[PDB]
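One structure below.
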Amino acid sequence: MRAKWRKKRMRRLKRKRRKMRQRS
Amino acid sequence: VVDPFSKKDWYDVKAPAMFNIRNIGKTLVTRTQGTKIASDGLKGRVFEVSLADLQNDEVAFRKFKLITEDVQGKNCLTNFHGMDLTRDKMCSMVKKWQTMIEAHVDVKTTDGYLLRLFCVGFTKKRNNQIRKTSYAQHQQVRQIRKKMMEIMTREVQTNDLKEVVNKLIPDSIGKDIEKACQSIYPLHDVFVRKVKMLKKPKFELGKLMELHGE
Amino acid sequence: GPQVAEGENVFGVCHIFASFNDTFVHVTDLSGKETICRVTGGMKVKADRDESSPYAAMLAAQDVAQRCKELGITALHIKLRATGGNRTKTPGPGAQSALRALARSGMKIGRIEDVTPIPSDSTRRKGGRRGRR
Amino acid sequence: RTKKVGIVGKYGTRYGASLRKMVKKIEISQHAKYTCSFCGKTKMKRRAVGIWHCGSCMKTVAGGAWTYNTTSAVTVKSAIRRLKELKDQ
Amino acid sequence: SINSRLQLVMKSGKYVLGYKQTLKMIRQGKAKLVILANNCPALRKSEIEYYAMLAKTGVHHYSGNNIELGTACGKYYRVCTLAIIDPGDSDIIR
Amino acid sequence: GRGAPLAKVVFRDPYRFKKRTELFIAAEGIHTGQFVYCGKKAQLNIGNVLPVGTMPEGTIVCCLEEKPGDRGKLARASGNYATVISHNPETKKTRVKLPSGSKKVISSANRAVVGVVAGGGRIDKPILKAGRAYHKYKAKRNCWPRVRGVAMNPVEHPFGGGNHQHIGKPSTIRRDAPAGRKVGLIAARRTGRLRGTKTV
Amino acid sequence: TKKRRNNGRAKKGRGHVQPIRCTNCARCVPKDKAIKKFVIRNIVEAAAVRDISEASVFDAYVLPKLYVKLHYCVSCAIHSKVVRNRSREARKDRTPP
RNA sequence: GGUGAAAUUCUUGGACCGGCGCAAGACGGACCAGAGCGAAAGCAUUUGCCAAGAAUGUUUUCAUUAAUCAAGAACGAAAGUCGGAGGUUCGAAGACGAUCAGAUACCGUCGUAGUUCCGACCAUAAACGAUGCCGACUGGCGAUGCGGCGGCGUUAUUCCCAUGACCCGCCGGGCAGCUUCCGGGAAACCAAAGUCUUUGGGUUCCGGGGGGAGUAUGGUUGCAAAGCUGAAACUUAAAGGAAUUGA
Ligand SMILES: [Zn+2]
Ligand SMILES: [Zn+2]
């Protein structure tokens with residue numbers, strides 16, 4: 001994990017999490 | 001197959017007869033052939049003629065450009081239209097740790113020629129001076145620039161294109177500005193950076209013939 | 001050619017546009033409105049690689065000298081240009097060799113100028129700003 | 001009374017939020033009263049599209065569709081003045 | 001600096017604001033300077049200049065409009081025509 | 001039916017005692033009580049009518065004549081204008097940029113009004129309503145409620161019919177197609193989303 | 001730690017510097033931080049000047065010079081061999097001779 | 001035209017070139033630097049106008065009116081969003097051409113959004129002096145800006161003072177090196193990163209082994225992307241800083 005692209009992956013895991021809660 | 005060096009003819013260029021060398025060069029031009037005009041085609045041409053070959057004992061870093069006005073048979077006439085000091089001189093007198101002052105002004109002469117004059121000044125470090133920098137304050141630069149504004153207006157507005165070009169040939173305006181500015185700050189490299197026109201009156205054969213025959 | 005005495009010289013202006021890819025030597029009358037010739041390093045060599053090499057520039061310069069000697073023009077002033085504008089202010093390698101041949105061929109060369117376009121500040125410069133190759 | 005809807009509260013939910021937001025800016029400018037440059041009174045209303053009237057000095061001016069002065073008009077007027085001055089001097 | 005001189009006429013001098021009062025002052029010789037806004041009606045501007053020519057008094061054309069001339073007089077209303085009766089300051093020059 | 005406001009201008013007849021009334025396209029900025037000037041010696045002001053030959057380059061014009069002697073044919077819609085590019089005094093021709101971006105060589109004796117047409121920005125506001133669209137075209141012509149050919153039957157449109165709502169054939173049609181066949185995209189040089197600016 | 005007190009560039013006072021493209025790899029680098037040198041090279045190589053001179057018409061009055069500005073960023077400054085790495089007391093130096 | 005070397009591509013309907021003009025919208029090179037101004041982000045063509053400010057000077061004025069600061073507020077590189085003006089040059093996304101086993105990239109040519117101005121959002125960066133503000137003390141040497149003071153002389157306005165400009169200093173406010181066994185520090189290095197166990201001038205923000213984790217959840221802002229506030233369970237004996245000699 002490079003610092004920035006770990007941050008990008010965490011953001012993209014967060015965006016997927018938000019859509020799951022929205023549909024539920 | 002056909003070489004275009006025969007379908008054209010050469011004319012000799014003559015500047016106004018107020019310089020030292022009238023002959024400048026021979027410029028080829030196409031024949032009329034019943035469609036185009038060689039006189040109108042040669043009109044609007046501009047030959048750049050420095051003072052090195054325009055005179056014989058003048059500076060070699062002042063370029064004079066001349067606009068054609070009329071054609072007399074095999075002859076081609078010209079007229080001063082603008083000037084610019086060489087950029088190889090330009091880059092050489094600008095150095096480090098010094099100050100430059102510009103001033104641009106538009107002045108119209110009585111003949112109807114609108115002229116935009118640029119003047120350039122540089123602060124002079126004295127012989128004994130030892131300080132690394134020689135800056136002039138914003139307040140001194142503004143009044144120095146105003147001085148070049150007023151001096152150039154006086155020396156151009158009241159003089160014709162005849163007189164103004166005769167004044168710029170020895171660069172007397174650049175020396176006058178430097179000496180007058182020695183009161184506030186003596187200056188070392190002072191000349192006129194550029195002179196360009198903006199408008200012209202109606203072209204007249206009488207004026208051009210008078211200039212070329214005087 | 002013009003009808004002039006042997007004691008005088010046929011004068012004209014010459015521009016040497018120098019770049020790192022292809023040098024350009026071009027000769028016209030004083031004003032430049034009428035045109036005498038143009039030779040470059042491109043027409044010299046089959047490969048586009050050596051358009052900027054000195055050897056092709058000398059062969060191109062000899063092309064200027066012989067074809068302009070045929071017309072009847074001998075004396076030429078020089079005005080130098082780099083790529084100019086935004087690109088480098090430094091003339092490329094194809095300037096020394098081309099000027100060497102046009103001096104060895106016997107043509108007269110007098111005043112020298114630099115009329116490279118030097119902006120107060122031109123617009124944004126191609127490339128972008130990051131990474132190389 | 002409202003948080004953000006302003007003048008487009010008359011449309012309720014009946015169109016998109018973005019369409020109501022775009023028309024909000026235009027409807028404020030098309031119904032505003034501007035200061036008259038001729039008499040100085042703030043009575044320059046809009047009669048129809050492109051027509052602006054002052055109810056004090058009774059002056060009618062051709063203007064913009066929703067605003068009194070379009071940016072294209074100001075630039076053109078300033079440019080024509082420059083071109084006219086260059087012709088004269 | 002015309003606005004600073006006008007400010008000192010308001011504190012110390014005498015003046016009339018508005019078009020009807022200046023015409024009265026011109027026709028009875030009490031007007032020393034007359035100031036017109038730039039958006040004054042053309043007919044009214046010409047009439048005041050004619051009244052001032054007959055009464056031999058000066059007309060100054062203020063740079064701004066009636067909204068800005070009134071603000072220059074310290075007032076919260078528009079002023080289009082004003083006449084100075086007594087300067088009290090150095091506005092006599094022009 | 002016309003977004004651009006119109007100006008009623010009264011002139012004075014030079015041959016008999018009578019005042020003439022003209023209906024101009026109102027250049028943006030003109031006002032009631034203003035004096036407009038028409039001629040070759042008219043000054044360069046917004047609202048004046050001048051030949052394009054006497055106009056300098058870069059001048060913004062509206063209600064431009066396509067051919068000399070017309071009464072204004074180009075740049076007449078609201079917020080539209082044409083630009084003078086260059087003149088050719090030898091041939092008495094002038095190049096003008098039209099509001100579509102096209103470039104046209106016209107005679108220099110063509111006249112035009114200095115400025116832009118009033119009422120610009122009209123297309124910026126969304127119509128927002130079927131009713132507002134209805135009122136817009138009630139003043140123009142009977143064209144507004146547009147049924148789709150795919151929603152029609154094959155007897156009234158080439159795109160009608162089918163058990164699904166589909167065109168069934170390429171919608172790009174040739175220029176020489178008959179009248180009842182020239183539907184869809186007539187002589188399309190390309191289709192789809194544009195990437196840049198397309199011009200001839 | 002700080003390898004360089006200067007932090008590589010010459011900018012200690014101001015906040016920003018306009019970038020200049022590298023000659024060898026075409027990479028943007030701040031001007032003050034890049035290795036910038038003035039190169040004067042004769043148009044013709046010193047050994048090769050004579051061949052041109054012999055064929056030259058001019059009475060030894062023409063000596064054209066090619067002057068080209070040089071800009072290398074630091075990643076390829078080394079490859080060029082310019083700016084070879086210095087010793088621990090070495091860094092604190094200047095022009096070189 | 002361009003590459004280490006090659007090309008896509010513009011090209012006998014005349015590109016490139018040189019000369020004369022016109023239009024477009026950006027940006028102000030060499031001057032311009034351990035120099036100035038602003039609370040910061042920032043600020044460079046000439047000119048006019050508006051309002052403001054530091055330092056200085058003062059035998060003027062109020063006479064404690066005093067500084068960072070919970071809560072609360074305003075401005076805030078660049079990028080991004082909405083909206084309206086034209087796209088000159090550059091240039092995400094994207095496309096095309098080379099280079100290799102692959103090249104989703106570096107190189108070249110275009111190129112939308114963007115890069116421009118205007119109104120409202122967005123509040124982030126290595127917003128780094130990786131270095132809070134107010135206050136006292138605490139070596140020196142050669143310089144720069146401002147203002148004030150003294151002067152042998154040189155020089156221009158000139159014909160006197162005077163006004164400019166150079167040189168020598170002094171005083172107060174600064175941006176600053178450079179040396180230095182002041183000193184402190186783990187050292188690298190620093191007159192503050194000193195006066196610190198011989199520990200107290202005032203006070204705000206902020207850290208408490210490494211991860212989990214700037215995550216979950218709640219709240220709030222945003223058109224979205226996301227921003228602000230922000231855990232616990234569980235898991236690890238090291239992660240780290242500086243410096244020593246080799247490679
Ligand atoms: Zn009114
Ligand atoms: Zn590099």
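To find a chain, count down the sequence lines: A is the first, B the second, and so on, and within it residues start at 1.
- In this structure, C:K33 is not positioned above the aromatic face of B:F47 in the sense of NZ or CZ being under 6.0 Å from the six-membered ring centre and within 45° of the axis.
- Among the heavy atoms of the strands, none lies under 4.0 Å from G:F38.
- The shortest distance between the side-chain N/O atoms of B:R131 and the OP1/OP2 oxygens of H:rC167 is below 4.0 Å.
- Place C:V13 and G:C25 on RNA chain H by their nearest nucleotides, and C:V13 ends up nearer the 5' end.
- Sugar puckers are classed by the sign of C1'-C2'-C3'-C4'; that of H:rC234 comes out north, on the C3'-endo side.
- Look at A:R6 and you won't find any side-chain N or O under 4.0 angstrom from OP1 or OP2 of H:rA213.
- Nearest to the side-chain atoms of C:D48 among the listed nucleotides H:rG1, H:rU47, H:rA130 stands H:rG1.
- The separation of H:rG214 from H:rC228, taken at their P atoms, amounts to 13 Å, rounded to a whole angstrom.
- A distance of about 42 Å separates the P atoms of H:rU58 and H:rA30, rounded to the whole Å.
- When distances are taken from the side chain of B:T133 to each of H:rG145, H:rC223, H:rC16, the shortest belongs to H:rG145.
- Residue B:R116 contributes atom CZ, which lies 13 Å from atom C1' of H:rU45 at whole-angstrom precision.
- The side chain of B:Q137 places an N or O atom within less than 4.0 Å of a non-bridging phosphate oxygen (OP1 or OP2) of H:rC146.
- Nucleotides H:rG42 and H:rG1 place their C1' atoms 41 Å apart, quoted to the nearest Å.
- The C1'-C2'-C3'-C4' torsion of H:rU131 is negative. Its sugar is therefore classed as south.
- For B:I184, the side-chain atoms get nearest to H:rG164 when compared with the rest of H:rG164, H:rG2, H:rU47.
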If a protein heavy atom is under 4.0 Å from the base, mark B; if only from the sugar-phosphate, S; if neither, -; do that for nucleotides 224-233 of chain H going 5' to 3'. -SSS------
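- H:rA33 has its base syn relative to the sugar, with a glycosidic angle deviating from 0 by at most 90°.
- Here H:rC234 does not sit opposite H:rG214 as a base pair, Watson-Crick or G-U wobble, with both distances under 3.5 Å.
- No hydrogens or angles were tested; on distance alone, nothing pairs the side chain of F:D124 with the base of H:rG84 as donor and acceptor under 3.5 Å.
- Each of H:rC20, H:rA165, H:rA15 was ranked by its minimum atom distance to the side chain of B:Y185; first place goes to H:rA165.
- Picking from H:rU3, H:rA188, H:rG218 the nucleotide with the shortest atom distance to the side chain of C:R133 gives H:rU3.
- Across all strands shown, H:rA120 forms a Watson-Crick or G-U wobble pair with H:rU81, both key distances being under 3.5 Å.
- In this structure, B:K200 pairs ionically with B:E69, as a charged nitrogen and a carboxylate oxygen lie closer than 4.0 Å.
- Checked against a 6.0 Å centroid threshold, the rings of C:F17 and C:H26 do not count as neighbours.
- H:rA93 and H:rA105 have their P atoms separated by 7 Å, given to the nearest Å.
- The side chain of B:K132 lies closest to H:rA143 when the candidates are H:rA143, H:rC178, H:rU45.
- For H:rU58, the sugar pucker falls north, since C1'-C2'-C3'-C4' comes out positive.
- Here A:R17 reaches the OP1 or OP2 of H:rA216: one of its side-chain N or O atoms lies under 4.0 Å away.
- Using a 4.0 Å cut-off between charged nitrogen and carboxylate oxygen, G:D32 and G:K11 do not count as a salt-bridge pair.
- In this structure, CZ of C:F20 is placed 14 Å from P of H:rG108, rounded to the nearest angstrom.
- Pairing check for H:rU144 against H:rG174: the two satisfy the Watson-Crick or G-U wobble geometry, each of the two atom distances being under 3.5 Å.
- Across all strands shown, H:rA35 forms no Watson-Crick or G-U wobble pair with both key distances under 3.5 Å.
- We find that CD of B:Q140 is positioned 18 Å from P of H:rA156, with the value rounded to whole Å.
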Atom pairs, N/O to N/O, protein against nucleotides 25-32 of chain H, distance under 3.5 Å?
residue	atom	partner	partner atom	Å
H:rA26	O2'	C:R124	NH2	2.9
H:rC27	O2'	C:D121	OD2	3.1
H:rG29	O5'	C:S120	O	3.3
H:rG29	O4'	C:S120	O	2.7
H:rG29	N9	C:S120	O	3.2
H:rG29	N3	C:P119	O	3.4
H:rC31	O3'	B:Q98	O	3.3
H:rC31	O2'	B:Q98	O	2.6
H:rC32	OP1	B:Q98	O	2.9
H:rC32	OP2	B:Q98	O	3.3
H:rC32	OP2	B:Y135	OH	3.3

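- The 5' end of RNA chain H is approached more closely, in terms of each residue's nearest nucleotide, by C:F17 than by the other of B:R126 and C:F17.
- Taking the side chain of C:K126 as heavy atoms from C-beta on, and the options H:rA213, H:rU47, H:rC90, the nearest nucleotide is H:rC90.
- Taken together, H:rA136 and H:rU195 qualify as a Watson-Crick or G-U wobble pair under the 3.5 Å criterion applied to both distances.
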